[PDB]
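Notes for the one structure printed next.
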Amino acid sequence: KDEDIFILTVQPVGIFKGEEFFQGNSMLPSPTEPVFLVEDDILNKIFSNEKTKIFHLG
Amino acid sequence: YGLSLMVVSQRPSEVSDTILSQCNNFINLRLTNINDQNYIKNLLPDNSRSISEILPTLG
Amino acid sequence: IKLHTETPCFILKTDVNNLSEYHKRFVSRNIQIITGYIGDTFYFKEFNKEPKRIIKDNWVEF
C-alpha cells in the first residue's frame, strides 16, 4: 500500500553467449541484474532453421 | 546361466513392468514424458529419488 | 550499482601537468573521476579510497 510492487515470475529456457543461442537450464542471474524486452530480430533468429528444412507453419 | 539383459527403451510406461523391475542399475538420459519420469522415479532405489529430479534438465 | 563493485584504474604515460586537462575534459562531460593529485603533489589516501555508494538514487562517488 505504501508503494506499488509489480512482480513477474519467469522461467529460464535458454542462454545467449554471443550472436547465437544455447538451450538449457540450471543457470542463475545474480540479483539486481537488468531485465529487458526481446527484440523481434532476436526472436526470429530463433525458430528459424537452414533454408533446406524450413516449413513456414504461420 | 550366463545371460543378462540391458534394456533400452524410450517409453518405460509401455515396456512390461515385470522386466524393468528386474534391472538393478540404470543409465538415465533426458526424459520428457511425465508418465515415464514418474515410473522411472518409482522404480529407482530410494537413495537416488532426490538426485533423480535432473532427468528433464539433462542435455 | 550493486554488481559492478570495482572501479577501473587507467594509467597514462604522460606528465603530471597534462592530467588536469583530462580531468577538466571529464568534468565537462559529467563524469566523476579521482586523480589523486592536488597539483604536482600525490596523496596516497585519496587514490586508494573506495567510493561510497547509495543504492537508492543510483549514486557512486567516482
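Proteins get letters first, then strands, A, B, ... in listed order; numbering begins at 1 in each.
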* Taking the side chain as C-beta and beyond, is there a heavy-atom pair between B/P56 and B/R30 under 4.5 Å? ->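 No, every pair of side-chain atoms sits at 4.5 Å or beyond.
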* Side chains of C/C9 and C/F47 in contact at under 4.5 Å (non-hydrogen atoms) ->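 Yes, side chains in contact.
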Which donor-acceptor pairs under 3.5 Å do the side chains of residues 9-25 of chain B make with protein atoms, sequence neighbours left out?
from  : atom 1 : to    : atom 2 : distance (Å)
B/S9  : OG     : B/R11 : N      : 3.2
B/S13 : OG     : B/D36 : OD1    : 2.8
B/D17 : OD1    : B/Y39 : OH     : 2.7

Around [X], counting heavy atoms of other residues, nucleotides and ligands shown, do more than 12 lie under 6.0 Å from its [atom1]?
X     : atom1 : value
A/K53 : NZ    : yes
C/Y22 : OH    : no
B/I51 : CD1   : no
C/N17 : CG    : no

* Mind checking side chain to side chain contact (heavy atoms under 4.5 Å, CB included) for C/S20 and listing every partner two or more places apart, or none if nothing turns up? =>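 In terms of side chain to side chain contact (heavy atoms under 4.5 Å, CB included), with neighbours along the sequence ignored, C/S20 is linked to no residue.
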* Mind checking side chain to side chain contact (heavy atoms under 4.5 Å, CB included) for B/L29 and listing every partner two or more places apart, or none if nothing turns up? =>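 Listed in chain order: B/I27.
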Measure the [atom1]-[atom2] distance between [X] and [Y] for me, rounded to the nearest 0.5 Å.
X     : Y     : atom1 : atom2 : answer
B/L43 : B/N38 : CG    : CG    : 12.5 Å
B/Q37 : B/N35 : CD    : CG    : 9.5 Å
C/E21 : C/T14 : CD    : OG1   : 11.5 Å

Taking only distance into account, with no hydrogens and no angle test, what donor-acceptor pairs under 3.5 Å do side-chain atoms of residues 18-47 of chain A form with protein atoms, sequence neighbours excluded?
from  : atom 1 : to    : atom 2 : distance (Å)
A/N25 : ND2    : A/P12 : O      : 2.4
A/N44 : ND2    : A/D40 : O      : 3.1

Show every donor-acceptor pair shorter than 3.5 Å between a side-chain atom in residues 26-46 of chain C and any protein atom, with sequence neighbours excluded, or say none if there are none.
from  : atom 1 : to    : atom 2 : distance (Å)
C/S28 : OG     : C/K24 : O      : 2.9
C/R29 : NH1    : C/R25 : O      : 3.4
C/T41 : OG1    : C/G39 : O      : 3.4
C/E46 : OE1    : C/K49 : NZ     : 3.1

Under 3.5 Å donor-acceptor pairs involving side-chain atoms of residues 51-62 of chain C, not counting sequence neighbours:
from  : atom 1 : to    : atom 2 : distance (Å)
C/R53 : NH1    : C/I1  : O      : 3.1
C/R53 : NH1    : C/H4  : O      : 3.3
C/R53 : NH2    : C/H4  : O      : 3.1
C/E61 : OE1    : C/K52 : N      : 3.4

* To do: Check for a donor-acceptor pair, side chain of B/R49 on one end and backbone N or O of B/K41 on the other, with a separation under 3.5 Å.
  =>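 Yes.
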